[PDB]
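Presented as C-alpha cells, the chain that follows is alone, the form deposited without the partner chain.
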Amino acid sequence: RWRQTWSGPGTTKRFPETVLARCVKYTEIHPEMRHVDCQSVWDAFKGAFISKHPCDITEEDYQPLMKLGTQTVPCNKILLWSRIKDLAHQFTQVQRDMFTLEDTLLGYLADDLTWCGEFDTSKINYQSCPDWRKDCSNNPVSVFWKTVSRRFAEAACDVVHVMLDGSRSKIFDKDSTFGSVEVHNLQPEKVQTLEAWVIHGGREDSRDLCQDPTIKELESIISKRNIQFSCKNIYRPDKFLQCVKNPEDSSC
C-alpha cells in the first residue's frame, strides 16, 4: 500500500533464512554450542512474536528462545559498551577472550536485524515495524534486547568493563540500554568493580573525561549499589588499536 502501519523500518529481508544461517555458523564455530538444534532455535524465535500484536510483546514470549540459547559466558570477561558499537566489536574480534553481548549466540543471531509480526495472522511484516519512541516500547526488537541484556548483565562477575564514547554529549547516558538495563542488573554479590574505558575522539587527547559530570553520575549510581567504580581515559584510540592488534609491539 501507499501507507505503512508503523514508523520504524520493517523486518529485514530473508529474516528467517538469516537467523537460521547465523545459528548454523555460530554453532559450528563455538564448540560448546554443538548440541544446539538450529531449527528449534528458529522455531522458538518465531513463536515469541509471530501472530502476536507487535506492541504487546513480553519477556515471557522470549523464554523458550532464552532457554535454547542458554550459554555459559566467562563471567569475568564481559565487555559492556554504550554508543560505541564499532570499536567495542573491533576490540573483541581481536581480543578473543572478551565478550560483548553480540558475541553470544542470541546477540549474534539478532545483531543489526529488525523483525515483527501481525496480530491475528501468521506473516512477518516486511513493510514496517513499531518504533520504540514513535509507536510503542513493547515491540519484538526492543523486548528481545531488554531481555537478553538483563541476562547478560546478570551473568557478569569480578571486573566488568564498559566502553564509552567520550566524543558524545552524554558520555554516560542513563537512557541507553547500558544505563537503563545493564547497570541495574549487575549482581553486587558477584561483581567487584565496573571499569569504564572512555574512548576519546580524534584530536582531543588531554581532558580527563573521568571527571565528566555524567561519569560522576555513573560512579555514584554504581557505588550506591555496593560495586566499586574505576575509570580510564583512552586518550588516543589509534595507539590503543595498534596495541590491541599487536600487544608484543614494544611501543605498547
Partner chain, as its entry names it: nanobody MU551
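Numbering follows the first chain given and starts at 1.
Just so you know, the form deposited with the partner chain bound exists too; it's not on screen, but the next bit is about it.
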Do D112 and the partner chain come within 4.5 Å of each other in the deposited bound form, heavy atoms counted? no
Although the partner isn't part of this model, could you tell me whether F178 comes within 4.5 Å of the partner chain in the deposited bound form, counting any heavy atom of the residue? no
Contact of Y26 with the partner chain in the deposited bound form (heavy atom, 4.5 Å): yes
Would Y126 sit within 4.5 Å of the partner chain in the deposited bound form, counting heavy atoms only? no
Checking a candidate spot here: are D165, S169 and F172 all in contact with the partner chain in the deposited bound form (at least one heavy atom each within 4.5 Å)? no
Residues of 105-142 having any heavy atom within 4.5 Å of the partner chain in the deposited bound form, listed in sequence order: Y108
